[PDB]
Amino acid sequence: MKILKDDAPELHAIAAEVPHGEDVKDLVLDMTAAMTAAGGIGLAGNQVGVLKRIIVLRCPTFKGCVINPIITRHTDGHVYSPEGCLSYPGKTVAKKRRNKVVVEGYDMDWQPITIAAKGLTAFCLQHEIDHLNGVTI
């Protein structure tokens, strides 16, 4: 895979729900490989031109994939999160993020998963889910 150029339309497009049970194992392997090759701690389908709701992470309290991730709970107000993005190398943006989130979805074997995250890991989850909605830093 390749991390798309900063002017790619896919970065602003909405990623489609993955049909329940679809085999995404190779896709997740490829995405994880693209993420680590580019030196990132997360990656979303849009960034590699895959308009499917899949994210991969290697963050302090969560490492792995989430299929069809959704934020089901978050803290009120916002905190400071300085973020760069692999799709826009060179740029760091002071983002407002929820300090804590719960994300739910499925793993590669279609088992339901729940991730309770705070700080950096919460920021990563929000950053990647944003990508799936075509929202970038």
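Start at 1 with the first residue shown and count on from there.
Visitor: Between 48 to 56 and 22 to 30, which has the higher average C-alpha B-factor in the PDB entry?
Guide: Taking the mean C-alpha B-factor of 48 to 56 and of 22 to 30, the larger value falls to 22 to 30.
Visitor: Look up the CA B-factors in the entry and say which stretch, 5 to 13 or 123 to 131, has the higher mean.
Guide: Per the PDB entry, the higher value belongs to 5 to 13.
Visitor: Among the choices 36, 87, 61, 68, identify the one whose CA B-factor in the record is greatest.
Guide: Top of the list by C-alpha B-factor: 61.
Visitor: Mind checking which third residue 42 falls in for C-alpha B-factor across the chain?
Guide: Lowest third of the chain for residue 42's C-alpha B-factor.
Visitor: Would you check the entry's CA temperature factor for residue 83 and let me know if it's in the chain's lowest, middle or highest third?
Guide: Residue 83: CA B-factor falls in the lowest third of its chain.
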